[PDB]
>>> print(open('protein.pdb').read())   # PDB, C-alpha atoms
MODEL        1
ATOM      1  CA  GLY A1001     -44.761   5.686 -18.103  1.00  0.00           C
ATOM      2  CA  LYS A1002     -44.094   8.328 -15.450  1.00  0.00           C
ATOM      3  CA  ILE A1003     -46.285  10.069 -12.897  1.00  0.00           C
ATOM      4  CA  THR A1004     -45.519  12.417 -10.012  1.00  0.00           C
ATOM      5  CA  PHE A1005     -47.741  12.807  -6.946  1.00  0.00           C
ATOM      6  CA  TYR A1006     -47.694  16.018  -4.844  1.00  0.00           C
ATOM      7  CA  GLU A1007     -49.041  16.413  -1.300  1.00  0.00           C
ATOM      8  CA  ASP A1008     -50.224  19.980  -1.873  1.00  0.00           C
ATOM      9  CA  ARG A1009     -52.190  21.498  -4.698  1.00  0.00           C
ATOM     10  CA  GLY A1010     -50.543  23.297  -7.590  1.00  0.00           C
ATOM     11  CA  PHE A1011     -47.564  20.937  -7.620  1.00  0.00           C
ATOM     12  CA  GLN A1012     -46.153  21.875  -4.204  1.00  0.00           C
ATOM     13  CA  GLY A1013     -45.080  19.976  -1.104  1.00  0.00           C
ATOM     14  CA  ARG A1014     -43.648  16.493  -0.719  1.00  0.00           C
ATOM     15  CA  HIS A1015     -43.603  14.732  -4.134  1.00  0.00           C
ATOM     16  CA  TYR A1016     -43.034  11.177  -5.364  1.00  0.00           C
ATOM     17  CA  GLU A1017     -41.964  10.143  -8.858  1.00  0.00           C
ATOM     18  CA  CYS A1018     -43.303   6.783  -9.981  1.00  0.00           C
ATOM     19  CA  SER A1019     -42.935   4.619 -13.104  1.00  0.00           C
ATOM     20  CA  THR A1020     -44.540   1.342 -11.946  1.00  0.00           C
ATOM     21  CA  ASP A1021     -47.611  -0.268 -10.451  1.00  0.00           C
ATOM     22  CA  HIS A1022     -47.650   0.237  -6.695  1.00  0.00           C
ATOM     23  CA  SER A1023     -49.978  -1.588  -4.245  1.00  0.00           C
ATOM     24  CA  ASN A1024     -49.034   0.819  -1.406  1.00  0.00           C
ATOM     25  CA  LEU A1025     -48.081   4.496  -1.827  1.00  0.00           C
ATOM     26  CA  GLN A1026     -48.436   5.407   1.862  1.00  0.00           C
ATOM     27  CA  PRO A1027     -44.658   5.221   2.500  1.00  0.00           C
ATOM     28  CA  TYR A1028     -43.997   8.066  -0.013  1.00  0.00           C
ATOM     29  CA  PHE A1029     -46.803  10.569   0.694  1.00  0.00           C
ATOM     30  CA  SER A1030     -49.885  10.787   2.926  1.00  0.00           C
ATOM     31  CA  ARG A1031     -52.157  12.869   0.687  1.00  0.00           C
ATOM     32  CA  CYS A1032     -52.329  13.790  -3.011  1.00  0.00           C
ATOM     33  CA  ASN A1033     -53.636  17.151  -4.091  1.00  0.00           C
ATOM     34  CA  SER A1034     -51.939  17.488  -7.463  1.00  0.00           C
ATOM     35  CA  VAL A1035     -50.384  15.236 -10.085  1.00  0.00           C
ATOM     36  CA  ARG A1036     -48.140  15.595 -13.137  1.00  0.00           C
ATOM     37  CA  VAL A1037     -48.448  12.764 -15.674  1.00  0.00           C
ATOM     38  CA  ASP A1038     -45.333  12.858 -17.860  1.00  0.00           C
ATOM     39  CA  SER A1039     -46.444   9.838 -19.858  1.00  0.00           C
ATOM     40  CA  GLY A1040     -48.630   6.790 -19.878  1.00  0.00           C
ATOM     41  CA  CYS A1041     -52.200   6.089 -18.828  1.00  0.00           C
ATOM     42  CA  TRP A1042     -52.779   5.449 -15.144  1.00  0.00           C
ATOM     43  CA  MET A1043     -55.512   4.174 -12.810  1.00  0.00           C
ATOM     44  CA  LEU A1044     -55.167   5.699  -9.366  1.00  0.00           C
ATOM     45  CA  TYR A1045     -56.854   4.069  -6.346  1.00  0.00           C
ATOM     46  CA  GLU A1046     -57.962   5.704  -3.121  1.00  0.00           C
ATOM     47  CA  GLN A1047     -57.015   2.712  -0.916  1.00  0.00           C
ATOM     48  CA  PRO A1048     -54.114   0.235  -0.915  1.00  0.00           C
ATOM     49  CA  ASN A1049     -54.099  -2.910  -3.016  1.00  0.00           C
ATOM     50  CA  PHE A1050     -56.104  -1.366  -5.875  1.00  0.00           C
ATOM     51  CA  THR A1051     -59.251  -0.782  -3.837  1.00  0.00           C
ATOM     52  CA  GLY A1052     -61.650   2.082  -3.064  1.00  0.00           C
ATOM     53  CA  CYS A1053     -62.412   4.849  -5.553  1.00  0.00           C
ATOM     54  CA  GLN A1054     -60.678   4.635  -8.924  1.00  0.00           C
ATOM     55  CA  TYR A1055     -59.515   7.478 -11.172  1.00  0.00           C
ATOM     56  CA  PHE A1056     -58.184   7.540 -14.736  1.00  0.00           C
ATOM     57  CA  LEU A1057     -55.349   9.929 -15.561  1.00  0.00           C
ATOM     58  CA  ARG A1058     -53.308  10.429 -18.740  1.00  0.00           C
ATOM     59  CA  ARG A1059     -50.547  12.801 -19.934  1.00  0.00           C
ATOM     60  CA  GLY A1060     -50.873  16.323 -18.547  1.00  0.00           C
ATOM     61  CA  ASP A1061     -51.018  18.456 -15.395  1.00  0.00           C
ATOM     62  CA  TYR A1062     -53.635  18.131 -12.681  1.00  0.00           C
ATOM     63  CA  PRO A1063     -53.394  21.070 -10.258  1.00  0.00           C
ATOM     64  CA  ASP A1064     -56.277  19.877  -7.995  1.00  0.00           C
ATOM     65  CA  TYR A1065     -57.771  16.451  -7.301  1.00  0.00           C
ATOM     66  CA  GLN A1066     -61.068  17.704  -8.752  1.00  0.00           C
ATOM     67  CA  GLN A1067     -59.359  17.665 -12.122  1.00  0.00           C
ATOM     68  CA  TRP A1068     -59.252  13.870 -11.996  1.00  0.00           C
ATOM     69  CA  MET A1069     -62.794  13.781 -10.583  1.00  0.00           C
ATOM     70  CA  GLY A1070     -61.353  12.889  -7.182  1.00  0.00           C
ATOM     71  CA  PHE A1071     -63.718  12.183  -4.259  1.00  0.00           C
ATOM     72  CA  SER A1072     -60.929  13.373  -1.922  1.00  0.00           C
ATOM     73  CA  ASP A1073     -57.135  13.831  -1.822  1.00  0.00           C
ATOM     74  CA  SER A1074     -56.639  10.085  -1.075  1.00  0.00           C
ATOM     75  CA  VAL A1075     -54.362   8.152  -3.447  1.00  0.00           C
ATOM     76  CA  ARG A1076     -52.817   4.985  -2.005  1.00  0.00           C
ATOM     77  CA  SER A1077     -52.196   2.651  -4.949  1.00  0.00           C
ATOM     78  CA  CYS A1078     -51.759   2.892  -8.711  1.00  0.00           C
ATOM     79  CA  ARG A1079     -51.613   0.957 -11.952  1.00  0.00           C
ATOM     80  CA  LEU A1080     -49.803   1.873 -15.139  1.00  0.00           C
ATOM     81  CA  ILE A1081     -52.196   0.717 -17.899  1.00  0.00           C
ATOM     82  CA  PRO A1082     -50.364  -1.221 -20.634  1.00  0.00           C
ATOM     83  CA  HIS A1083     -50.809  -0.492 -24.336  1.00  0.00           C
ATOM     84  CA  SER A1084     -53.991  -1.503 -26.145  1.00  0.00           C
ATOM     85  CA  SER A1085     -53.614  -2.034 -29.931  1.00  0.00           C
ATOM     86  CA  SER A1086     -57.379  -2.475 -30.138  1.00  0.00           C
ATOM     87  CA  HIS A1087     -60.588  -2.414 -28.104  1.00  0.00           C
ATOM     88  CA  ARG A1088     -63.610  -4.765 -28.130  1.00  0.00           C
ATOM     89  CA  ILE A1089     -66.257  -5.283 -25.444  1.00  0.00           C
ATOM     90  CA  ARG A1090     -69.559  -7.154 -25.251  1.00  0.00           C
ATOM     91  CA  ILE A1091     -72.287  -5.382 -23.282  1.00  0.00           C
ATOM     92  CA  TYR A1092     -75.137  -7.419 -21.789  1.00  0.00           C
ATOM     93  CA  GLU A1093     -78.562  -6.419 -20.557  1.00  0.00           C
ATOM     94  CA  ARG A1094     -78.597  -8.803 -17.619  1.00  0.00           C
ATOM     95  CA  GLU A1095     -76.091 -10.229 -15.109  1.00  0.00           C
ATOM     96  CA  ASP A1096     -74.056 -13.283 -16.203  1.00  0.00           C
ATOM     97  CA  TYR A1097     -74.077 -12.403 -19.940  1.00  0.00           C
ATOM     98  CA  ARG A1098     -77.827 -12.830 -20.327  1.00  0.00           C
ATOM     99  CA  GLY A1099     -80.369 -10.757 -22.188  1.00  0.00           C
ATOM    100  CA  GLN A1100     -79.715  -8.503 -25.160  1.00  0.00           C
ATOM    101  CA  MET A1101     -76.122  -7.901 -26.183  1.00  0.00           C
ATOM    102  CA  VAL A1102     -74.145  -5.487 -28.309  1.00  0.00           C
ATOM    103  CA  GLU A1103     -70.476  -5.733 -29.271  1.00  0.00           C
ATOM    104  CA  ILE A1104     -68.581  -2.445 -29.676  1.00  0.00           C
ATOM    105  CA  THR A1105     -65.102  -1.297 -30.558  1.00  0.00           C
ATOM    106  CA  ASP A1106     -65.543   2.428 -29.887  1.00  0.00           C
ATOM    107  CA  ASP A1107     -66.402   4.803 -27.083  1.00  0.00           C
ATOM    108  CA  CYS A1108     -69.928   5.327 -25.808  1.00  0.00           C
ATOM    109  CA  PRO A1109     -70.791   8.584 -24.003  1.00  0.00           C
ATOM    110  CA  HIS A1110     -74.416   7.520 -23.314  1.00  0.00           C
ATOM    111  CA  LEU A1111     -75.238   3.826 -22.956  1.00  0.00           C
ATOM    112  CA  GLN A1112     -78.948   4.293 -22.445  1.00  0.00           C
ATOM    113  CA  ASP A1113     -79.550   6.514 -25.443  1.00  0.00           C
ATOM    114  CA  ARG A1114     -77.479   4.491 -27.905  1.00  0.00           C
ATOM    115  CA  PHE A1115     -78.664   0.880 -28.071  1.00  0.00           C
ATOM    116  CA  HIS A1116     -81.690  -1.331 -28.770  1.00  0.00           C
ATOM    117  CA  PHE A1117     -82.106  -1.754 -25.002  1.00  0.00           C
ATOM    118  CA  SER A1118     -81.623   0.374 -21.901  1.00  0.00           C
ATOM    119  CA  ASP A1119     -80.276  -1.756 -18.953  1.00  0.00           C
ATOM    120  CA  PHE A1120     -76.538  -2.829 -18.574  1.00  0.00           C
ATOM    121  CA  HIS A1121     -75.429  -5.437 -16.050  1.00  0.00           C
ATOM    122  CA  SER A1122     -72.511  -7.516 -17.361  1.00  0.00           C
ATOM    123  CA  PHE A1123     -69.520  -7.095 -19.669  1.00  0.00           C
ATOM    124  CA  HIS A1124     -67.039  -9.273 -21.527  1.00  0.00           C
ATOM    125  CA  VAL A1125     -63.889  -7.333 -22.351  1.00  0.00           C
ATOM    126  CA  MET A1126     -62.378  -9.154 -25.332  1.00  0.00           C
ATOM    127  CA  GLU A1127     -59.670  -6.647 -26.247  1.00  0.00           C
ATOM    128  CA  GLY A1128     -58.051  -3.671 -24.507  1.00  0.00           C
ATOM    129  CA  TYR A1129     -58.539  -1.558 -21.405  1.00  0.00           C
ATOM    130  CA  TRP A1130     -61.559   0.571 -20.728  1.00  0.00           C
ATOM    131  CA  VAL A1131     -63.048   2.890 -18.159  1.00  0.00           C
ATOM    132  CA  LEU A1132     -66.666   2.248 -17.138  1.00  0.00           C
ATOM    133  CA  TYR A1133     -68.412   5.329 -15.677  1.00  0.00           C
ATOM    134  CA  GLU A1134     -71.427   5.656 -13.375  1.00  0.00           C
ATOM    135  CA  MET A1135     -72.939   8.479 -15.432  1.00  0.00           C
ATOM    136  CA  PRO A1136     -73.114   9.594 -19.069  1.00  0.00           C
ATOM    137  CA  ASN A1137     -70.380  11.744 -20.593  1.00  0.00           C
ATOM    138  CA  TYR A1138     -67.637  10.037 -18.608  1.00  0.00           C
ATOM    139  CA  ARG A1139     -68.640  11.405 -15.218  1.00  0.00           C
ATOM    140  CA  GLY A1140     -69.086  10.157 -11.680  1.00  0.00           C
ATOM    141  CA  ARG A1141     -67.546   6.966 -10.318  1.00  0.00           C
ATOM    142  CA  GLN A1142     -64.942   5.305 -12.522  1.00  0.00           C
ATOM    143  CA  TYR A1143     -64.130   1.642 -12.809  1.00  0.00           C
ATOM    144  CA  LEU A1144     -61.227   0.063 -14.752  1.00  0.00           C
ATOM    145  CA  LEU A1145     -62.175  -2.827 -17.036  1.00  0.00           C
ATOM    146  CA  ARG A1146     -59.259  -5.075 -17.966  1.00  0.00           C
ATOM    147  CA  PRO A1147     -59.480  -7.975 -20.465  1.00  0.00           C
ATOM    148  CA  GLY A1148     -61.763 -10.585 -18.972  1.00  0.00           C
ATOM    149  CA  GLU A1149     -65.253 -11.287 -17.684  1.00  0.00           C
ATOM    150  CA  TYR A1150     -67.498  -9.115 -15.499  1.00  0.00           C
ATOM    151  CA  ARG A1151     -70.570 -11.100 -14.536  1.00  0.00           C
ATOM    152  CA  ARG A1152     -72.075  -8.420 -12.220  1.00  0.00           C
ATOM    153  CA  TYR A1153     -71.087  -5.044 -10.746  1.00  0.00           C
ATOM    154  CA  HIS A1154     -69.116  -6.595  -7.853  1.00  0.00           C
ATOM    155  CA  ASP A1155     -66.641  -7.856 -10.437  1.00  0.00           C
ATOM    156  CA  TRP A1156     -65.780  -4.279 -11.428  1.00  0.00           C
ATOM    157  CA  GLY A1157     -65.555  -2.951  -7.849  1.00  0.00           C
ATOM    158  CA  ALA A1158     -68.860  -1.056  -7.774  1.00  0.00           C
ATOM    159  CA  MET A1159     -71.161  -0.988  -4.765  1.00  0.00           C
ATOM    160  CA  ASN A1160     -74.230  -0.917  -7.041  1.00  0.00           C
ATOM    161  CA  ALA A1161     -75.147  -1.388 -10.697  1.00  0.00           C
ATOM    162  CA  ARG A1162     -75.333   2.232 -11.953  1.00  0.00           C
ATOM    163  CA  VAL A1163     -73.450   2.756 -15.221  1.00  0.00           C
ATOM    164  CA  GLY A1164     -73.713   5.452 -17.877  1.00  0.00           C
ATOM    165  CA  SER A1165     -70.780   5.550 -20.309  1.00  0.00           C
ATOM    166  CA  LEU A1166     -67.720   3.648 -21.533  1.00  0.00           C
ATOM    167  CA  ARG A1167     -64.348   4.892 -22.768  1.00  0.00           C
ATOM    168  CA  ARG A1168     -61.457   3.126 -24.387  1.00  0.00           C
ATOM    169  CA  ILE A1169     -58.143   3.828 -22.685  1.00  0.00           C
ATOM    170  CA  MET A1170     -55.934   5.408 -25.353  1.00  0.00           C
ATOM    171  CA  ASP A1171     -52.997   7.814 -24.944  1.00  0.00           C
ATOM    172  CA  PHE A1172     -53.152  11.607 -25.177  1.00  0.00           C
ATOM    173  CA  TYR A1173     -50.579  12.972 -27.630  1.00  0.00           C
TER     174      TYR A1173
ENDMDL
END
>>> encode(input="protein.pdb", output="structure tokens")
Amino acid sequence: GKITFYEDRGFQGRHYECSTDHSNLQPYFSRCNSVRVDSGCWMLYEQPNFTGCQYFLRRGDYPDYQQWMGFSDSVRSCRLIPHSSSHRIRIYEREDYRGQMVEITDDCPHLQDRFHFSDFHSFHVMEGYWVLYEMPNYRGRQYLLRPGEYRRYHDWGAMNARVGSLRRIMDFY
């Protein structure tokens, strides 16, 4: 995978070409106002060590941070997301895998309107990488889900429990 970060919008200013996970991008640039993703799927993080706000980016050109639903021009760490041959997640009504559950292998643009229940507080990612979003239609705060267990919203780096949609991470050809 390959991504380039630019300090000014519209692909100008100091730039940094990257092809790996980085826990600290501050040595290479102090702000990020545009990005070119040559290839791969990436999770960008506002703060070092994969903390703060998270943003999903895939192949293509992002002339302004708003184009990746950025809260600001801060980007200080990043993950290259590895390939998923498949996707499978269990969604639970209550924290710690309690309550009603549904198991899905596709995207969901509106959690509340789609199932046999309307509250969503824990997840078991059995296969693949996903993005969990605060609001329906893949908007608002973004949270990477990797394979594993998410017993409550602190496990996915949220400050509260608001969720609205779920997307599989797949490439953009």
>>> resolve_selection(input="protein.pdb", expression="the PyMOL selection byres ((chain A and resi 1165-1167) around 9)", output="PyMOL selection string")
chain A and resi 1106-1112+1129-1139+1163-1164+1168-1170
>>> residues_near_point(input="protein.pdb", point="(-58.6, 4.4, -8.6)", cutoff="10 Å", atoms="all atoms listed in the file", output="list in words")
residues 1042, 1043, 1044, 1045, 1046, 1047, 1048, 1050, 1051, 1052, 1053, 1054, 1055, 1056, 1057, 1070, 1074, 1075, 1076, 1077, 1078, 1079, 1141, 1142, 1143 and 1144 of chain A
>>> resolve_selection(input="protein.pdb", expression="the PyMOL selection byres ((chain A and resi 1121) around 7)", output="list in words")
residues 1092, 1093, 1094, 1095, 1119, 1120, 1122, 1152, 1153 and 1161 of chain A
>>> atom_distance(input="protein.pdb", atom1="atom CA of residue A:1034", atom2="atom CA of residue A:1007")
6.9 Å
>>> resolve_selection(input="protein.pdb", expression="the PyMOL selection byres ((chain A and resi 1018) around 12)", output="number ranges by chain")
A: 1001-1006, 1015-1017, 1019-1022, 1024-1025, 1028-1029, 1035-1040, 1042, 1044, 1077-1080
>>> closest_residue(input="protein.pdb", among="A:1059, A:1072, A:1091, A:1115", to="residue A:1032", atoms="only C-alpha atoms")
A:1072
>>> closest_residue(input="protein.pdb", among="A:1009, A:1026, A:1098, A:1128", to="residue A:1062", atoms="all atoms listed in the file")
A:1009
>>> atom_distance(input="protein.pdb", atom1="atom CA of residue A:1031", atom2="atom CA of residue A:1008")
7.8 Å
>>> closest_residue(input="protein.pdb", among="A:1146, A:1088, A:1118, A:1082", to="residue A:1162", atoms="all atoms listed in the file")
A:1118
>>> closest_residue(input="protein.pdb", among="A:1173, A:1140, A:1160, A:1014", to="residue A:1068", atoms="all atoms listed in the file")
A:1140
>>> atom_distance(input="protein.pdb", atom1="atom CA of residue A:1105", atom2="atom CA of residue A:1061")
28.6 Å
